[PDB]
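> Coordinates for the following, if possible.
(4 chains)
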Amino acid sequence: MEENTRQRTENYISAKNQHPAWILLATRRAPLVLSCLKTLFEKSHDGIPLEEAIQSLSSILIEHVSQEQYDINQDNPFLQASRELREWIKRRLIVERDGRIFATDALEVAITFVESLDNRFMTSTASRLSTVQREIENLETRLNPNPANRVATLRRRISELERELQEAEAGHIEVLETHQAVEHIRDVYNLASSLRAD
Amino acid sequence: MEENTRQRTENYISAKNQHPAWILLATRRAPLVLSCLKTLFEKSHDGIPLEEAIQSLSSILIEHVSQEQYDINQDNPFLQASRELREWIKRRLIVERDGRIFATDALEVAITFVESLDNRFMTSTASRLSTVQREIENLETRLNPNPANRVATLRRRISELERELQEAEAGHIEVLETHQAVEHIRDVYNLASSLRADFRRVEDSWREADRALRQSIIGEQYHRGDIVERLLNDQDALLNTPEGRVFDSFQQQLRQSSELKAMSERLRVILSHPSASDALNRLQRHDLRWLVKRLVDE
DNA sequence: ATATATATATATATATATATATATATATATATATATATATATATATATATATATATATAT
DNA sequence: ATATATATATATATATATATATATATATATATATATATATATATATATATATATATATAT
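Numbers count the residues shown, from 1 in each chain, chains lettered A, B, ... in the order given. Now the structure:
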């Protein structure tokens, strides 16, 4: 839609003022908050019982008391956790239901951002340009409904598989080096761990 | 490495100060800048000739004088473009080479951020689960080198495909509903349109493994081994494995043109399907249409 | 063919005018922290009502 | 020939009153970033004149 060229600036001016992720990234405290939350949910994402969350957050805050650059104090770590773990809830980064906290989407996106700043896994890899190849093949063979084309493509595919089986039975095994196994494992992780994002 | 638990806060404190994206998002004018920049490159990612870029950005600035709350200049939008397109170069959002600007990775990530706030494409879907199912099937069959297991897997797979062929020769063929076609089209877009995301960081890695070489050739004011050891070897003197060795094997996939032609033709056919135009808007149906060409010519 | 005239272009000097880069000051706006005030929650002692359990008294 | 309906005593549940700590809300002061504006110099482009080298023509 051509009117997007004008609507887009309004959309962004609204987002930069409202969405929890962007507001969080804009503050002067974003790095500490993001590190704390990532550390909290990093080890096991199933929802976190509130008392265990308080324990973990209080333990983590102790390892940052030396950061006087943000006035981190020492009086009572547990009370400080009790305060800010709800300061975040009122900011809609985390939401507590059924006694457990969770990370709303407005934090899923933000953590997807900072962690992808420097050392994100490669997407421009041989594995991805094989996966899209095969997926394109499958989608094409599934959309066009002509049965003759379906039977022809199934015949060619099964004949190719027969060739592969004939060569495999002959002992012509071929396997990935480490150089390629690393890449394929990284790819299949970068696909699998995306299912949970929604 | 569990010392990451402490290293991480230092990493983030440094990143929030330096990395161009995270500096951009925190300014009081990020929305305007991102809306302009996206629009510039929205229609072509091959880079923009500088004069055409000036023209387009100057027209867009006029299109957004509705935000003249920031005193957007009404006198000479071409001069204002000359100023903004250079401010964005000294801030490392864009870089001009060979007379054409480009978007560095530090802007690729930032644009990936805002345009995923509101209405990002769905990931948790039927198609994604099917694709990871099959990929997990394929990767496992390729690691354990036992040939008996391989031949057994090929036999079971070919017998399973025999069922499908037998049922296809008959009239029990079935195809995707409208919504499932929409979903698979969206998924195969969300995979393919990510291949392009790393070129402008491979180049950054190479332009960083070179400085870390001439900063040692000049620090070795007394030594020769670290030069002859490289030059006598015909191997790439600027070799940078951590990204160079991945990207290179991807070239040994692109230059197998026989498969690329099949990919291009299949993409030609899919986009003609009735359901395509409902799953993807106009711009998406342009980018996804030109994939092979704009990959080879990048 | 080699060297000599006669155009043509090229290169440098000088000057005018415009735009950019740099540095700094100051203003303004914005975000964050602290100070103050008031309401809410938990704990303790005492009194009051209700329920539970036990003891004798009963037309079943 | 058996429990049933009652009073007695015990135990617990519920409400009142007060002390104490903590949370929420409001308002003020401070620091940070941005924007503009000022001031200066540099850099770039253009106009005119001069001097050099090159290119082409006629005679030798």
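
> in chain A, what residue is nearest DNA strand C?
Residue nearest to DNA strand C within chain A (CB to the nearest atom of the strand): residue A:27, separated by 3.2 Å. Where you see a C-beta, it was placed from the backbone N, CA and C, and this is true even at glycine.

> Helix or strand: which one has the nearest residue to residue A:137 once chain neighbours are set aside?
Spatial nearest neighbour of residue A:137, excluding adjacent residues (CB to CB, 6 or more residues apart in numbering or on different chains): residue B:266 at 6.6 Å. Here residue B:266, judged by DSSP states H and E, is contained in helix B:257-270.

> Taking the chain centroid, which residue in chain A is the extreme one?
residue A:170 (42.8 Å; CA atoms, centre = their mean).

> From DNA strand D, how far out is it?
Distance, residue A:170 to DNA strand D, using CB to the nearest atom of the strand, to the nearest Å: 66 Å.

> Likewise for residue A:147?
62 Å.

> same check, this time on residue A:146
According to CB to the nearest atom of the strand, residue A:146 stands 59 Å off from DNA strand D.

> Backbone torsions only: list them for that residue.
Torsion angles at residue A:146 (phi, psi; degrees, to the nearest 10) stand at phi -60, psi 120.

> Find the closest residue to DNA strand D in chain A.
residue A:82 (4.9 Å).

> just checking, that residue touches residue A:51?
No. Applying CB atoms under 8 Å, one finds residue A:82 not in contact with residue A:51, separated by 10.6 Å.

> related to what we said a few turns ago, not counting its own residues, what contacts the helix holding residue B:266?
Outside helix B:257-270, the residues that touch it by CB atoms under 8 Å, 6 or more residues apart in numbering or on different chains are A:132-133, A:136-137, A:139-140, A:143-144, B:185, B:188, B:254, B:276, B:288-289, B:291-292, B:296.

> Please repeat the previous calculation with a cut-off of 6 Å.
The contact list for helix B:257-270, computed with CB atoms under 6 Å, 6 or more residues apart in numbering or on different chains, reads A:133, A:136, A:140, B:292.

> circling back to that earlier point, what is the neighbour count of the residue of chain A closest to DNA strand C?
13 (other CB atoms under 10 Å in any protein chain shown).

> Ok, residue A:94 next?
For residue A:94, using other CB under 10 Å, the count is 22.

> what bridges to it?
Beta bridges link residue A:94 to residue A:103, judged by DSSP bridges.

> How much space separates it from chain B?
Using CB to the nearest CB, to the nearest Å, residue A:94 is found at 18 Å from chain B.

> what's the answer for residue A:83, then?
For residue A:83, the distance to chain B (CB to the nearest CB) stands at 19 Å.

> Likewise for residue A:103?
The gap separating residue A:103 from chain B is 15 Å, by CB to the nearest CB.

> now swap in residue A:89 and tell me
Here the criterion is CB to the nearest CB. By it, residue A:89 lies 21 Å from chain B.

> swap in residue A:51?
21 Å.

> returning to that earlier point: more neighbours: which of residue A:82 and residue A:51?
Just comparing residue A:82 and residue A:51: by other CB under 10 Å the higher neighbour count belongs to residue A:82, 15 against 9.

> If anything else comes up later, I'll come back, but that's it for now.
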